[PDB]
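To start, the structure under review is shown below, and the notes come after it.
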Amino acid sequence: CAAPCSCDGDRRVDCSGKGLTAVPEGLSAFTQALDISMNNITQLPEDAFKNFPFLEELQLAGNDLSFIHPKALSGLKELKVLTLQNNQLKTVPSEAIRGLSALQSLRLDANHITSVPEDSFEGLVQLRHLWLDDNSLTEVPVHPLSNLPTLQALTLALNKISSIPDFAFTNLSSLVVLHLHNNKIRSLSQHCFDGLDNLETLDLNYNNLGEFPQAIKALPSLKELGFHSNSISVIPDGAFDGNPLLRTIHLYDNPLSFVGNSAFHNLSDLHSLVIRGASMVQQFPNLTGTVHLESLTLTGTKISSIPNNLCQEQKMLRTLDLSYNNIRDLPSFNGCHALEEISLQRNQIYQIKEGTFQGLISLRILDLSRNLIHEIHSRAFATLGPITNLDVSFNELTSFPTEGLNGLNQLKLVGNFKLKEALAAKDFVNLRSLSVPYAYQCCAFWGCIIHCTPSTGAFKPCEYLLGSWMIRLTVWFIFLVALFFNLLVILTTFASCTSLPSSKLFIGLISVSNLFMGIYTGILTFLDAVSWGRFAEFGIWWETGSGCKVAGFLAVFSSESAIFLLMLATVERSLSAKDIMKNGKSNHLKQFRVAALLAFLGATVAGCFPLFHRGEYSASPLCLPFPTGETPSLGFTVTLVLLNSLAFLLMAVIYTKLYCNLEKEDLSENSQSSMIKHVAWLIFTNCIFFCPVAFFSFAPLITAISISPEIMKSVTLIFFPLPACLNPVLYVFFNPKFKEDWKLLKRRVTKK
Ligand SMILES: *[C@@H]1O[C@H](CO)[C@@H](O)[C@H](O)[C@H]1NC(C)=O
Ligand SMILES: *[C@@H]1O[C@H](CO)[C@@H](O)[C@H](O)[C@H]1NC(C)=O
Ligand SMILES: *[C@@H]1O[C@H](CO)[C@@H](O)[C@H](O)[C@H]1NC(C)=O
Ligand SMILES: *[C@@H]1O[C@H](CO)[C@@H](O)[C@H](O)[C@H]1NC(C)=O
């Protein structure tokens, strides 16, 4: 073949991508096809193809062509395919292409053409396909297109066409497919499409059609119609009367609000129908004379009733979607043997009867989430086929049938807060994914393969409430010591019918306050003993029942009142000490008693606060407010922990102020030295035992520290109730005054 390009036999020359600026020479006149694309031929001289009389296929892609001689293409009587894409013609070379009698395919896209001469395309009696996209056309060339009776495919995409007048294609009797997508069409005249009796495919996507066109009524042979991504809002009745042969309708991405009831009648071959956002539709459409729907979708409407004949008329219905509507009752689905997917989420369905899903033998996915369902017949799913995915989440369910669900794979139950029963593992042997309203229902299918959610962490144990043996014995040790010692201390102080000083007074209520904490641990110990190895059964009942709220109230009330009381004792000790060298007598005894009642009131208010909020006490089976995986209490928990910690410093620095103001020689023999030293230990142990609880509560706010859940659980069971038992222990063994009171009690007991 002639240099620098190659000849692919069969009278074919591949001479493209060589940067040639002119028609190559040396090629035989017997050549049938020439491809010289990707070159730099910008101007074509006259008779540039003189010595190729038998050329049938000519390609001129990407040549930066600007000017063509009118007689340049003379003698190409056998030319059939002519491509001129990616050039700068800016106008259709009507004079150059006048003599192409046998031309069949003309490609003129991507040429920045802004206008077309009226005499263009004359002599193109053999044309079948014409490409005119990617240009700057502003009007439909009615007259130039009127001279192509044999045209079959016409593309005018990606242009600036604004409107189409009447009878624009009144000659294209042989047209088959017409493309007009990605244009600026905003108005279609009534008779713009007249004469296109042979048209089959029409594309009107990405336009500005504000009203449904009535001109499509004159297209009896239409098969594919697409006008999606437009401004059409209303589709009136009788729109598709003149086109009985559609197969696919594209109308998505439209401001569709109202649809004619009858509009989609007698649409044979209609294989799909998807309508979304039609908020004004209130009645189910007629879908009559249409028995070949494969997929149906009606979302965002006001439909409240579904006709019974839906499963008696539709034959090849495969997928059904009616979500986002006002459907309240469900008709019998018997007959829809080809149905596979049903989506009915976000409706007003309240019950499921036995006959609702009798006839579905090929159902695989069934969605009923976010409804008002409160009862389901036990045999509703009995007569089902290969059901694979089921979703009835966010409902008012109280029970759940299991018959016929052995083949289930995905199941969602979240939001059914009134559902208490635990699902049996033997009824869902093929389960792989499961979500349940309460984590305690995931204990059967831990997954030891079954991503059960929410995960049953250490905070929500399945086997044992307390967990390890070491933890359990300590809580028993704490409970017995707190109950026995606090009762003893309470009795001795209040059994002496003598004058009660303020310093002795605050000791008593601290023991009383710590007694309730011992009671709180008693509830946990007995609950653990009863639910030994079977806590998952009682988990739901305990948290949701009033038992958790009562136990949770005691823990908050006993803990908060303990800090407030001993803080008052610190203030009392400082004030009583000051009055010694100043006045020598304390006369605030009545005032302190009032503050003690006020101190208890503050604890009661704090204890009752989580009761008003829903689920704050139910976050953990321990009934303790903690930020771990709980926000309702996150705002509440921080308030308490800062309040307790804040109270520490003011009651601490006053002791240092008292200690500094107290001379070292005043503690030698004064009876106040023992009293001041006893509190000095209470401020110590209570402070250190509160930091681990306090600092773990700050852990969720610090993302840089990841603490595994079981660690918080162990310390909270060993440190939070620890001060309750330790406070009386120090008093009985280390306070010399208690021994004197013990002597007084023994004498009264012996006397009585
Ligand atoms: C094609 O060749 C001409 C020769 O004058 C040159 O001016 C032009 O830049 C070339 N085009 C490309 C794309 O190389
Ligand atoms: C082509 O269109 C012109 C103008 O509408 C008309 O006069 C002529 O008869 C048409 N030829 C046909 C329809 O074959
Ligand atoms: C469907 O076509 C039949 C036969 O032409 C006609 O009788 C019937 O009324 C049509 N459907 C509608 C739109 O009612
Ligand atoms: C469906 O079309 C038939 C045509 O005869 C009509 O009688 C019927 O009322 C229509 N139904 C609805 C609800 O559009």
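Quick note: numbers on chain A are straight from Swiss-Prot, i.e. 29-476, 519-822, in order.
Each Cβ is built from the backbone N, Cα and C atoms, and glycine gets one as well.
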### Query
Does the record in Swiss-Prot have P571 and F696 facing the same side of the membrane?
no
### Message
I want to verify the bond table. Which candidate from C618, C757, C761 sits on the other end of the disulfide that Swiss-Prot records for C693?
### Response
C618
### Query
Swiss-Prot pairs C522 with one of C339, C364, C470, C567 in a disulfide bond, so which one is it?
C470
### Task
Give me the Cα-Cα distance between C476 and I519 in Å, rounded to a whole number; there are 42 residues missing between them in the deposited model.
6
## Note on the structure
Of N68, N199, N294, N314, the glycosylation sites with C-beta less than 6 Å from an atom of ligand 2, in sequence order, are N199
### Message
Taking only same-chain residues 6+ apart in sequence, whose CB is under 8 Å from that of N314 (N-linked glycosylation site), what do you get?
### Response
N289, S290, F292, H293
### Message
Given the glycosylation sites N68, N199, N314, return the subset with CB under 6 A from an atom of ligand 1, ordered by sequence, or none if empty.
### Response
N68
### Query
Whole-number Å distance between the CA of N199 (N-linked glycosylation site) and the CA of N294 (N-linked glycosylation site)?
30
### Residue numbers, six or more beyond the limits of the topological domain 'Cytoplasmic' (642-661), whose CB comes under 8 Å of its CB atoms
571-573, 575-576, 724-725, 727-728, 732, 742, 745-746, 749
### Query
For the glycosylation sites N68, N199, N294, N314, which sit with their CB under 6 angstroms from an atom of ligand 4?
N314
### Task
Could you tell me which of the glycosylation sites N68, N199, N294 have their C-beta within a distance under 6 angstroms of some atom of ligand 3?
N294
### Task
Give me the non-local Cβ neighbours of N68 (N-linked glycosylation site): same chain, 6+ apart in sequence, Cβ-Cβ under 8 Å, ordered along the sequence.
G47, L48, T49, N91, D92
#### Entry: DSSP state at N314 (N-linked glycosylation site), helix/strand/coil
coil
